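Written below as structure tokens is the structure these notes are about.
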Amino acid sequence: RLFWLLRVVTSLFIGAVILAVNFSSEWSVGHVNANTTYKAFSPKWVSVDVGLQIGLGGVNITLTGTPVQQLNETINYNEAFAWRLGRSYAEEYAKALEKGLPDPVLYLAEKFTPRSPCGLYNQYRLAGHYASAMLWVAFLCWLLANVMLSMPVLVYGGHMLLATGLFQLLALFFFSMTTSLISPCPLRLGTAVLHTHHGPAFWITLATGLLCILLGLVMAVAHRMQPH
Amino acid sequence: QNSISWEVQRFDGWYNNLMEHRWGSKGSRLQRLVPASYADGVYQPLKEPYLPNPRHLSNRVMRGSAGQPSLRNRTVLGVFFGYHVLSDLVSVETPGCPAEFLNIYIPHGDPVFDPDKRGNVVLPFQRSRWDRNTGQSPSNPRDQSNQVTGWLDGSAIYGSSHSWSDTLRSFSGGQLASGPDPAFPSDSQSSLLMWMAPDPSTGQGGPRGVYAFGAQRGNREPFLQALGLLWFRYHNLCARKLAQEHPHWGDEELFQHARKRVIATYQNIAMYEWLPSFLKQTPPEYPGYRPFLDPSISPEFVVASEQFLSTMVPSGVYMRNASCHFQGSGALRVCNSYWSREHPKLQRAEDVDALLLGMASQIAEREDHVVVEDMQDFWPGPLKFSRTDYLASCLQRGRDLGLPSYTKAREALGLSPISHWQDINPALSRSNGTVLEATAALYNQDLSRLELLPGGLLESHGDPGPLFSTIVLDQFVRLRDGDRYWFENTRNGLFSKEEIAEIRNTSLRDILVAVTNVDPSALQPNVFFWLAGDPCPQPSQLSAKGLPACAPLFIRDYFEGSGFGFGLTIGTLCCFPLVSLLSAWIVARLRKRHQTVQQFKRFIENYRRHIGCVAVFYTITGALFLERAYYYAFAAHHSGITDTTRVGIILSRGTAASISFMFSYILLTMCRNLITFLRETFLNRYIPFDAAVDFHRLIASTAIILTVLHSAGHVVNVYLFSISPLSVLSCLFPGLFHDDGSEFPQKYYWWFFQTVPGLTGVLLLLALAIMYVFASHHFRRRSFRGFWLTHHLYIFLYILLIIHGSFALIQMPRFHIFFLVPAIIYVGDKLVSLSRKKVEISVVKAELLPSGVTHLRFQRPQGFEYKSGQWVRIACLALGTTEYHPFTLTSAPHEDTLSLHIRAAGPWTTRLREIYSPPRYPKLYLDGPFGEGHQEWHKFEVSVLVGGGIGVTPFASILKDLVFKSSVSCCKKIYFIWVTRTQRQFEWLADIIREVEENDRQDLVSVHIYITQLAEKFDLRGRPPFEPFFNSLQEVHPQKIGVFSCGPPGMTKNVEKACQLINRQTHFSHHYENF
Ligand SMILES: *[C@@H]1O[C@H](CO)[C@@H](O[C@@H]2O[C@H](CO)[C@@H](O[C@@H]3O[C@H](CO[C@H]4O[C@H](CO)[C@@H](O)[C@H](O[C@H]5O[C@H](CO)[C@@H](O)[C@H](O)[C@@H]5O)[C@@H]4O)[C@@H](O)[C@H](O)[C@@H]3O)[C@H](O)[C@H]2NC(C)=O)[C@H](O)[C@H]1NC(C)=O
Ligand SMILES: Cc1cc2nc3c(=O)[nH]c(=O)nc-3n(C[C@H](O)[C@H](O)[C@H](O)COP(=O)(O)OP(=O)(O)OC[C@H]3O[C@@H](n4cnc5c(N)ncnc54)[C@H](O)[C@@H]3O)c2cc1C
Ligand code: HEM
Ligand code: HEM
Ligand SMILES: *[C@@H]1O[C@H](CO)[C@@H](O)[C@H](O)[C@H]1NC(C)=O
Ligand SMILES: *[C@@H]1O[C@H](CO)[C@@H](O)[C@H](O)[C@H]1NC(C)=O
Ligand SMILES: *[C@@H]1O[C@H](CO)[C@@H](O)[C@H](O)[C@H]1NC(C)=O
Ligand SMILES: *[C@@H]1O[C@H](CO)[C@@H](O)[C@H](O)[C@H]1NC(C)=O
């Protein structure tokens, strides 16, 4: 019964990676270790490691001191500013600015605010909206590829595996048309720069899309020319 | 870690005072000196019935010559350095919008704006940004918000934020990014950064020639660009000097040190150099930093400072080089230089230095009510008009903001009261005071109404009036004494004692000498004054004589050339049906290669459930449409988008929900397994499940009508958008549009073929036209495969219909709310109908009978076990497609070679009769029985089988099987009663009645016939009296008796009434079976 366990493993892995990637904030990942200013009313410079993570629905900005306790305070921050149709970015930025959290986090949050010169908000609010809708479409197709394989219509259960594998690479494109503009915008942090490159979720979606596109095709060709 | 041993000053302004982190910030709100003076009390501005007309007030008092010299010899570099400084502090010019205008109304026959006496002409004017948390009750009226850092912190050189101070920096040392020329900044940062207004003299609105400064609009005059370039080059100079004296320093260290030095020099110059010259009295002194003073910009400061600086701008500005040869007539006119992109003279650093050395020697105009014509008549128009009165827009802004009057705002500052009009300016009325009379006549001799611009300008003799002077002075003292990063603050740790004593000895001559590399003896010690001993005198006072005239007016026409293209695009959209019609036509040609009351009563009797269903469906759709349209028209809607597009937006937003619902449930209609299960339940007695295709076509037609309405509404919308300014469009669809002053909206074809909704809407129109024309009655009878090939577009349709709402243009997507349940059910039923398979019956024999019926008989597959009264659905592929049509079997189960009786009633049936004509070769695709096979007449001693109309189809099988089983096995006296109108198509049924009568010798089945058709018949060669029937039935034999009935609603209702009226006293179950 090895082949049955293999089929169950493949189906469950594909479903799990679709679900996890649609809700993961790791599509674009940058990281750097800079020397920045901690916060207002103090002339003291700190040593921290700063990095942002963009996930189709908002950004995570993490400020963590290399010594977590270096200025009598513990430095471990992880703030989230979301721009999806449900929420608003400017109100979140205003509340964060009224709170008083450290300056580099406020800066990296400002880079994505609406009407900023860099214009990084309206191409992340729509690309991350379409690449999160073409990943809810590649789920209803995976469910149908799970059903049509249970009650054998495999001749038609090998096309849902060309639709799921295509609707993933049709969403790995909307989030591919954004690094074209995030590259010119500067992200200088004190004496260091910040390079944001494609992260785990992107490569995982690429691998899963390729796997489904190939598996559906091979199984369809086989069960067509040889229903063994 | 480095040499930045201080707290770097933020760009936005926050966190400057410890207690209140918000006082001087990017979007703070202006703090009034006097309670708001709106019309209603909250946000309504005073207007023309109450206060005189702005364009008629400007003409009467603020109009005159342009050759008057200043009384204190203030050089025009002072005027424009003031224009520069007062853009570091306050900016209330950008219109924040839920788009709301208050226009200027020109009088009749204005020689400049209404030259041909065209009745009344309107100058547009828009309200500015307001604080969203104010303007809702007379306790807190609306307050505006300035969009620049309200400190004197060089918020005009380095921008007022941090993402802004990056887009104009090079990170190559501490330096602001220059262009190919080291002297000028980089024009290459033009979009998304600066203000682009079309040069009103030519019309060019391109991003070439728009430099990158820290003030969004510093390119408004070459004379303001001159000071912008001066400060830019000074920053670069001091920074490169720092680099050549501290080589190992980074980029940030150089930038921050040069920035703090430039900011300190700027503050020193501005305060202690410009104020003692603007109003001729020195700021008092510097006490300790006061952490409690309120440094909030007031609107009266805006009025005083800027709308008084506008009183002394000259007509033309001179130009001279180091030895002052005033050529580079050469005095470039002002009214032709607004927003100049590339000026043929100011194309090199030497020319900018010449412009500065010429401004620093030209005595600006005098300080009184008279304003030159280069601002009064020829100020660049904000929208649609290319020209605009300045002083008639400054009054509209003073009444836009809640500015006080001149007598109300003269007693809230401790100043004495004025008696009458002659006492406003006592020295003015001593010589030609016929302007105070002209302005009293305008105000109906009512002194307590002066809008505080004509009241302030009328009191200023040689200096600003006693009213403007106190406002400017105390505002600047509050700016300096409430600032933590003030260069004279010894607590902030920015500069030492000698670095403060060195910054406090810097004049504007030192900066000009350092930047322009000019000998210090070619200028004057105080650049803001020319005092009869300073070098390089003026040639002659510059009157507006001998200067090039001002470029005349022209109205701007959006939607001017692209009207024919718009009409052609609409005509092409409308001729989508014609292209599909032609394609299907060539496809066909290629494939060929007192009594009326009773009539209405019978009709309403038959068609009750159909009327109920149609009424409920159309009620629901109309309710959705009415909800949306009512919510939009006059209801709880933020009236941002609904100004003149009420009709279009109402139409579109009302039809959208209705068509989404109609499409989702027209998908629901075509699911046949659920219908096959449901039509054998009590639901059928309330809704008819045999009219699903008619309901389908009805829904389709209604949906196409509503879709045409939707598309027409959106076409009207797209037209009304292509003529709206950018300032209006930029707050209907925020995020999609941005308001740089270019003001030209996107063309129609941008909305149509370059947006997701428009493009997918055109695609959906094409797909709908194809699918609707190929599905016509006169185009599916010809080719069943044409019909079958196009209709698979509905998946493409339901893909597009998700992309059509995938945007935040008007509202949130709601189609996916409607589409879930019907699509889930339909996909489930498709999987159910696609799992089971049965195919390939062989037709044994098929004779052709009259009246249309075609007796068909095919072999019985081995596994085929079925009951009496079950139908099968068959398809012949020889002619057309694999279209499954249902037919009730007419053979007893004990008999092999299952039979059928098919009645010619349309395309498929006539084609099938043509196929099996000439008596049987083709083979069908029988799809098994579909029924419950209710055999409940075994539980009743005596049954009464009643069939009417079309419902007499399975009774042949029923009776044959019943007599066979009664004979073989060895249900008492079952009776069959069938009432028909014409007895036309059912003659084979009479043959079967005869064959059953002949077979039965035990006298079980007794048939009875009622033909019920009078006076209209062919003689064919009464009524079914159920009332005495049951009375005699129980009498003749003492049997519970079943009276199962199948037929039209009239007959079954009649037999129901009969059996119920006669039941009350056996059982008489009356179990109406729909086969
Ligand atoms: C993307 O970001 C979101 C939002 O942060 C993440 O979701 C949150 O996940 C955390 C982790 O479990 C949940 O728990 C919260 O975390 C709090 C973190 O506290 C730090 O930050 C505080 C402000 O945010 C800060 O006050 C504090 O230090 C400061 O104050 C101290 C005094 O209290 C002072 O001594 C220090 O020197 C310093 O000045 C902390 O450093 C934690 O405190 C709480 O337990 C809290 O529950 C959150 O609930 C989650 N968010 C929500 C809205 O529920 C998300 O995981 C991120 N994405 C990924 C992929 O990780
Ligand atoms: C002996 C006999 C038994 C029949 N038994 C049944 C039955 O048990 N159940 C049943 O639903 N129909 C039954 N029908 C109707 C028969 O299916 C239609 O005449 C035929 O399927 C379609 O006719 P057409 O396509 O040639 O003409 P069309 O012009 O396509 O016929 C138009 C009419 O037929 C109806 N119709 C079309 N397709 C279907 C379909 N797939 N299902 C139902 N109605 C349709 C439409 O509502 C429309 O009013 C029976 C017909 C005959 C002659
Ligand atoms: C007037 C236009 C239309 C007509 C005349 C029409 C007619 C029909 C007919 C006759 C059928 C199938 C009949 C059969 O089963 O033999 C059909 C099937 C269908 N039509 Fe339409 N239809 C029309 C418009 C639409 C529209 C707009 C839709 C859009 C959703 C649509 C969706 C369907 C669907 C979903 C089927 C299902 C067929 C199947 O898969 O079994 N139809 N239509
Ligand atoms: C000129 C062609 C059309 C234009 C310009 C157009 C434009 C629009 C726009 C702007 C919306 C709302 C935008 C959004 O928020 O997503 C909309 C919604 C919609 N349009 Fe169109 N449309 C057009 C044609 C059609 C056609 C032919 C259909 C028929 C299906 C159609 C069906 C819809 C539907 C169902 C919505 C529902 C919106 C929703 O999802 O709630 N439109 N259309
Ligand atoms: C960061 O600061 C530490 C503090 O000692 C210093 O040693 C280090 O060189 C600095 N590095 C950078 C990249 O600024
Ligand atoms: C200034 O302009 C005069 C005009 O002829 C010219 O002769 C002179 O060379 C210019 N430059 C100076 C004086 O430095
Ligand atoms: C300092 O005093 C005055 C103030 O402007 C100035 O005239 C003088 O030249 C300055 N002394 C210098 C710069 O050595
Ligand atoms: C102002 O400039 C004119 C220009 O020649 C000069 O005659 C006059 O004396 C100057 N004013 C004073 C007070 O010196």
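To be explicit about the labels: the chains of the structure tokens are called A, B, and onward in the order shown, and within each one the residues are counted from 1, while ligands get numbers from 1 in the order they are shown.
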* Distance query segment 216-222 of chain A at most 9 Å, only C-alpha atoms, self and fewer than 2 positions along chain excluded, as a PyMOL selection string -> chain A and resi 154-163+165+211-214+224-228
* To do: Compile the contact shell of segment 700-709 of chain B as a PyMOL selection string: residues with an atom at most 9 Å away, counting only C-alpha atoms, same-chain residues fewer than 4 positions apart removed.
  => chain B and resi 651-652+655-656+658-660+662-663+666+695-696+713-714+765+768+772
Give me a file of those residues, with C-alpha atoms, as a PDB file, in the first residue's frame.
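Written output follows (selection00.pdb):
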```pdb
ATOM      1  CA  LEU B 651     -27.596  53.017 -12.420  1.00  0.00           C
ATOM      2  CA  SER B 652     -24.321  51.081 -12.256  1.00  0.00           C
ATOM      3  CA  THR B 655     -27.692  46.948 -11.710  1.00  0.00           C
ATOM      4  CA  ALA B 656     -24.457  45.327 -10.493  1.00  0.00           C
ATOM      5  CA  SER B 658     -29.047  42.340  -9.606  1.00  0.00           C
ATOM      6  CA  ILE B 659     -26.941  40.955 -12.449  1.00  0.00           C
ATOM      7  CA  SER B 660     -24.594  39.178 -10.029  1.00  0.00           C
ATOM      8  CA  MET B 662     -29.159  36.611 -11.645  1.00  0.00           C
ATOM      9  CA  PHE B 663     -25.966  35.031 -12.976  1.00  0.00           C
ATOM     10  CA  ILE B 666     -29.055  31.037 -13.561  1.00  0.00           C
ATOM     11  CA  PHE B 695     -36.909  29.934 -16.382  1.00  0.00           C
ATOM     12  CA  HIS B 696     -33.297  29.712 -17.579  1.00  0.00           C
ATOM     13  CA  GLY B 713     -24.290  53.839 -17.086  1.00  0.00           C
ATOM     14  CA  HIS B 714     -20.571  53.120 -16.948  1.00  0.00           C
ATOM     15  CA  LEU B 765     -19.500  42.207 -23.494  1.00  0.00           C
ATOM     16  CA  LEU B 768     -21.956  37.680 -23.774  1.00  0.00           C
ATOM     17  CA  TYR B 772     -26.253  34.950 -26.596  1.00  0.00           C
TER      18      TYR B 772
END
```
Within 7 Å of chain A, which residues of chain B show up when using only C-alpha atoms, listed as a PDB file with N, CA, C and O atoms, in the first residue's frame?
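And here's out_25.pdb as it stands now:
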```
ATOM      1  N   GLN B   1      30.366  55.544  18.932  1.00  0.00           N
ATOM      2  CA  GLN B   1      30.421  54.815  17.671  1.00  0.00           C
ATOM      3  C   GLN B   1      30.911  55.711  16.535  1.00  0.00           C
ATOM      4  O   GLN B   1      31.557  55.240  15.599  1.00  0.00           O
ATOM      5  N   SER B   5      27.678  63.423  18.114  1.00  0.00           N
ATOM      6  CA  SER B   5      27.473  63.481  19.561  1.00  0.00           C
ATOM      7  C   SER B   5      26.328  64.429  19.916  1.00  0.00           C
ATOM      8  O   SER B   5      26.465  65.332  20.740  1.00  0.00           O
ATOM      9  N   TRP B   6      25.177  64.202  19.291  1.00  0.00           N
ATOM     10  CA  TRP B   6      23.978  64.982  19.573  1.00  0.00           C
ATOM     11  C   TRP B   6      22.775  64.209  19.052  1.00  0.00           C
ATOM     12  O   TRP B   6      22.911  63.157  18.422  1.00  0.00           O
ATOM     13  N   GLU B   7      21.587  64.742  19.323  1.00  0.00           N
ATOM     14  CA  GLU B   7      20.336  64.116  18.909  1.00  0.00           C
ATOM     15  C   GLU B   7      19.937  64.676  17.549  1.00  0.00           C
ATOM     16  O   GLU B   7      19.553  65.845  17.441  1.00  0.00           O
ATOM     17  N   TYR B  15       8.393  64.912  18.182  1.00  0.00           N
ATOM     18  CA  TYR B  15       9.315  64.720  19.302  1.00  0.00           C
ATOM     19  C   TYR B  15      10.282  65.889  19.448  1.00  0.00           C
ATOM     20  O   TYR B  15      11.470  65.710  19.719  1.00  0.00           O
ATOM     21  N   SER B 163      11.394  60.098   3.871  1.00  0.00           N
ATOM     22  CA  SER B 163      11.362  59.540   2.525  1.00  0.00           C
ATOM     23  C   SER B 163      11.540  60.632   1.479  1.00  0.00           C
ATOM     24  O   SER B 163      11.925  60.353   0.338  1.00  0.00           O
ATOM     25  N   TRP B 164      11.260  61.884   1.851  1.00  0.00           N
ATOM     26  CA  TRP B 164      11.481  63.003   0.941  1.00  0.00           C
ATOM     27  C   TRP B 164      12.934  63.450   0.954  1.00  0.00           C
ATOM     28  O   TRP B 164      13.491  63.765  -0.101  1.00  0.00           O
ATOM     29  N   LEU B 192       6.153  62.507  -8.675  1.00  0.00           N
ATOM     30  CA  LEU B 192       5.967  61.919  -7.348  1.00  0.00           C
ATOM     31  C   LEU B 192       6.634  62.748  -6.255  1.00  0.00           C
ATOM     32  O   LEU B 192       6.498  62.437  -5.068  1.00  0.00           O
ATOM     33  N   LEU B 193       7.345  63.808  -6.637  1.00  0.00           N
ATOM     34  CA  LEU B 193       8.051  64.635  -5.670  1.00  0.00           C
ATOM     35  C   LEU B 193       7.537  66.068  -5.651  1.00  0.00           C
ATOM     36  O   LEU B 193       7.101  66.560  -4.609  1.00  0.00           O
ATOM     37  N   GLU B 252      26.903  60.007   6.102  1.00  0.00           N
ATOM     38  CA  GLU B 252      25.920  60.514   7.053  1.00  0.00           C
ATOM     39  C   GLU B 252      26.524  61.577   7.960  1.00  0.00           C
ATOM     40  O   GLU B 252      25.861  62.559   8.303  1.00  0.00           O
ATOM     41  N   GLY B 735      -5.257  56.832  -4.200  1.00  0.00           N
ATOM     42  CA  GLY B 735      -4.309  55.758  -4.416  1.00  0.00           C
ATOM     43  C   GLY B 735      -4.102  55.456  -5.885  1.00  0.00           C
ATOM     44  O   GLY B 735      -2.987  55.143  -6.312  1.00  0.00           O
TER      45      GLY B 735
END
```
* List all protein, DNA and RNA residues that have an atom no more than 7 Å from any atom of ligand 4, counting only C-alpha atoms and all ligand atoms, and report them as a PyMOL selection string. => chain B and resi 656-657+659-660+707+710-711+714-715+752+757-758+761-762+764-765+801-802+804-815
Just the selected residues (N, CA and C atoms), exported as a PDB file, in the first residue's frame, please.
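Written out: again38.pdb:
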```pdb
ATOM      1  N   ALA B 656     -25.537  46.282 -10.738  1.00  0.00           N
ATOM      2  CA  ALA B 656     -24.457  45.327 -10.493  1.00  0.00           C
ATOM      3  C   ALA B 656     -24.920  44.163  -9.622  1.00  0.00           C
ATOM      4  N   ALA B 657     -25.581  44.463  -8.502  1.00  0.00           N
ATOM      5  CA  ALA B 657     -26.007  43.408  -7.587  1.00  0.00           C
ATOM      6  C   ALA B 657     -27.058  42.513  -8.232  1.00  0.00           C
ATOM      7  N   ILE B 659     -27.495  41.852 -11.438  1.00  0.00           N
ATOM      8  CA  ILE B 659     -26.941  40.955 -12.449  1.00  0.00           C
ATOM      9  C   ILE B 659     -26.057  39.891 -11.814  1.00  0.00           C
ATOM     10  N   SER B 660     -25.378  40.207 -10.706  1.00  0.00           N
ATOM     11  CA  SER B 660     -24.594  39.178 -10.029  1.00  0.00           C
ATOM     12  C   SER B 660     -25.492  38.075  -9.479  1.00  0.00           C
ATOM     13  N   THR B 707     -27.617  44.124 -17.904  1.00  0.00           N
ATOM     14  CA  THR B 707     -26.207  44.308 -18.232  1.00  0.00           C
ATOM     15  C   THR B 707     -26.016  45.438 -19.236  1.00  0.00           C
ATOM     16  N   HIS B 710     -26.234  48.529 -17.227  1.00  0.00           N
ATOM     17  CA  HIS B 710     -24.986  48.704 -16.487  1.00  0.00           C
ATOM     18  C   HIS B 710     -23.902  49.313 -17.371  1.00  0.00           C
ATOM     19  N   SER B 711     -23.724  48.757 -18.571  1.00  0.00           N
ATOM     20  CA  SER B 711     -22.672  49.238 -19.459  1.00  0.00           C
ATOM     21  C   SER B 711     -22.944  50.661 -19.929  1.00  0.00           C
ATOM     22  N   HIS B 714     -22.014  52.982 -17.116  1.00  0.00           N
ATOM     23  CA  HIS B 714     -20.571  53.120 -16.948  1.00  0.00           C
ATOM     24  C   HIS B 714     -19.943  53.891 -18.101  1.00  0.00           C
ATOM     25  N   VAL B 715     -20.567  53.871 -19.279  1.00  0.00           N
ATOM     26  CA  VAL B 715     -20.081  54.712 -20.372  1.00  0.00           C
ATOM     27  C   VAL B 715     -20.313  56.183 -20.054  1.00  0.00           C
ATOM     28  N   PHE B 752     -11.045  52.651 -20.560  1.00  0.00           N
ATOM     29  CA  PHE B 752     -11.631  51.501 -21.240  1.00  0.00           C
ATOM     30  C   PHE B 752     -10.640  50.350 -21.370  1.00  0.00           C
ATOM     31  N   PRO B 757     -11.285  46.792 -14.618  1.00  0.00           N
ATOM     32  CA  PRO B 757     -12.734  46.769 -14.872  1.00  0.00           C
ATOM     33  C   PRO B 757     -13.111  47.059 -16.312  1.00  0.00           C
ATOM     34  N   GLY B 758     -12.541  48.088 -16.937  1.00  0.00           N
ATOM     35  CA  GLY B 758     -12.932  48.410 -18.303  1.00  0.00           C
ATOM     36  C   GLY B 758     -12.557  47.328 -19.298  1.00  0.00           C
ATOM     37  N   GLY B 761     -14.623  44.326 -18.761  1.00  0.00           N
ATOM     38  CA  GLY B 761     -15.997  44.595 -19.144  1.00  0.00           C
ATOM     39  C   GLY B 761     -16.200  44.517 -20.641  1.00  0.00           C
ATOM     40  N   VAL B 762     -15.223  45.003 -21.407  1.00  0.00           N
ATOM     41  CA  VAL B 762     -15.296  44.849 -22.858  1.00  0.00           C
ATOM     42  C   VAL B 762     -15.200  43.374 -23.238  1.00  0.00           C
ATOM     43  N   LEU B 764     -16.155  40.853 -21.380  1.00  0.00           N
ATOM     44  CA  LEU B 764     -17.417  40.229 -21.004  1.00  0.00           C
ATOM     45  C   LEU B 764     -18.528  40.601 -21.972  1.00  0.00           C
ATOM     46  N   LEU B 765     -18.523  41.833 -22.479  1.00  0.00           N
ATOM     47  CA  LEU B 765     -19.500  42.207 -23.494  1.00  0.00           C
ATOM     48  C   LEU B 765     -19.343  41.348 -24.741  1.00  0.00           C
ATOM     49  N   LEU B 801     -15.904  37.666 -14.315  1.00  0.00           N
ATOM     50  CA  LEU B 801     -16.763  38.307 -13.327  1.00  0.00           C
ATOM     51  C   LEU B 801     -16.158  38.319 -11.932  1.00  0.00           C
ATOM     52  N   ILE B 802     -15.006  37.706 -11.748  1.00  0.00           N
ATOM     53  CA  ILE B 802     -14.339  37.902 -10.456  1.00  0.00           C
ATOM     54  C   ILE B 802     -13.248  38.997 -10.626  1.00  0.00           C
ATOM     55  N   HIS B 804     -13.574  41.459 -12.681  1.00  0.00           N
ATOM     56  CA  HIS B 804     -14.272  42.720 -12.830  1.00  0.00           C
ATOM     57  C   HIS B 804     -14.389  43.357 -11.482  1.00  0.00           C
ATOM     58  N   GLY B 805     -14.692  42.668 -10.414  1.00  0.00           N
ATOM     59  CA  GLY B 805     -14.738  43.333  -9.119  1.00  0.00           C
ATOM     60  C   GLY B 805     -13.417  43.355  -8.331  1.00  0.00           C
ATOM     61  N   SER B 806     -12.362  42.736  -8.832  1.00  0.00           N
ATOM     62  CA  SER B 806     -11.065  42.769  -8.141  1.00  0.00           C
ATOM     63  C   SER B 806     -10.271  44.110  -8.073  1.00  0.00           C
ATOM     64  N   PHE B 807     -10.797  45.159  -7.432  1.00  0.00           N
ATOM     65  CA  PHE B 807     -10.327  46.534  -7.310  1.00  0.00           C
ATOM     66  C   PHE B 807     -11.151  47.206  -6.224  1.00  0.00           C
ATOM     67  N   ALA B 808     -10.653  48.343  -5.750  1.00  0.00           N
ATOM     68  CA  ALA B 808     -11.330  49.149  -4.741  1.00  0.00           C
ATOM     69  C   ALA B 808     -11.746  50.502  -5.308  1.00  0.00           C
ATOM     70  N   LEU B 809     -12.234  50.510  -6.548  1.00  0.00           N
ATOM     71  CA  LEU B 809     -12.631  51.750  -7.204  1.00  0.00           C
ATOM     72  C   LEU B 809     -13.826  52.390  -6.509  1.00  0.00           C
ATOM     73  N   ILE B 810     -14.940  51.665  -6.426  1.00  0.00           N
ATOM     74  CA  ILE B 810     -16.169  52.228  -5.880  1.00  0.00           C
ATOM     75  C   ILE B 810     -16.523  51.552  -4.562  1.00  0.00           C
ATOM     76  N   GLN B 811     -16.491  50.223  -4.537  1.00  0.00           N
ATOM     77  CA  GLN B 811     -16.891  49.474  -3.352  1.00  0.00           C
ATOM     78  C   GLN B 811     -16.097  48.175  -3.290  1.00  0.00           C
ATOM     79  N   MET B 812     -16.438  47.350  -2.304  1.00  0.00           N
ATOM     80  CA  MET B 812     -15.779  46.070  -2.114  1.00  0.00           C
ATOM     81  C   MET B 812     -16.397  45.011  -3.027  1.00  0.00           C
ATOM     82  N   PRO B 813     -15.651  43.955  -3.351  1.00  0.00           N
ATOM     83  CA  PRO B 813     -16.227  42.876  -4.162  1.00  0.00           C
ATOM     84  C   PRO B 813     -17.283  42.110  -3.382  1.00  0.00           C
ATOM     85  N   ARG B 814     -18.407  41.835  -4.045  1.00  0.00           N
ATOM     86  CA  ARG B 814     -19.492  41.082  -3.433  1.00  0.00           C
ATOM     87  C   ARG B 814     -19.984  39.936  -4.306  1.00  0.00           C
ATOM     88  N   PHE B 815     -19.423  39.760  -5.504  1.00  0.00           N
ATOM     89  CA  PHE B 815     -19.858  38.663  -6.364  1.00  0.00           C
ATOM     90  C   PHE B 815     -19.540  37.313  -5.738  1.00  0.00           C
TER      91      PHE B 815
END
```
* If you run DSSP on the backbone, which residues of segment 49-202 of chain A are strand (DSSP E), as a VMD selection string? -> chain A and resid 49 to 54 59 to 69 74 to 81 197 to 198
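The contact shell of ligand 6, defined as all polymer residues within 7 Å when only C-alpha atoms and all ligand atoms are used, comprises residues 321, 322, 323, 324 and 325 of chain B.
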